[PDB]
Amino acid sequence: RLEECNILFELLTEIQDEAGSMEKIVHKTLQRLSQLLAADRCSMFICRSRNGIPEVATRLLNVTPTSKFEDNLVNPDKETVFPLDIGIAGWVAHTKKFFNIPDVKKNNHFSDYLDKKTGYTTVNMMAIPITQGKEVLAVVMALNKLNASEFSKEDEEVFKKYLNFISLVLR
């Protein structure tokens, strides 16, 4: 049960081609991250060039300690794409820098396209880019700390800790 995460990871890495969802492993890992962050929700944004122009897209949304994989995975049928100047997820991809944002909308990069479209309200957010040397592969983020006004310094170290592992998984 403790070895689940590895059995699946050793499974996915010995079938050499990554055509078997490393996104299940990211999903499982984003569940645990929520529990120990007490983030209301966690997400992963895929980072791509299409076709010659960099962008951040939606991939995994609304991850909670128990949300089912299918309910979090957004297929290309209906995804939301951002240029890196639009939206605070884009800025992280662009700058390749980590961010603990205690109050969005006091943050100028903040886009509110998805709060309007889905009905959610984003207030807090930690965001961090997964980077394979040159490029950014994805942006992960935790939203809206529970029982508290912002994500703490301690919540940063925990987020960073899991992202070290997620970062390897997307390779």
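Start at 1 with the first residue shown and count on from there.
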Ordered by C-alpha B-factor within the chain, which third holds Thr58? Give me lowest, middle or highest, please. middle
Where the record places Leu168 (Cα B-factor, split into thirds across the chain): lowest
Position of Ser21 among the chain's modelled residues by C-alpha B-factor, lowest, middle or highest third: highest
Within this chain's modelled residues, let me know which third the CA B factor of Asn124 belongs to: lowest, middle or highest. middle
How does the C-alpha B factor of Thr66 compare with the rest of the chain: lowest, middle or highest third? middle
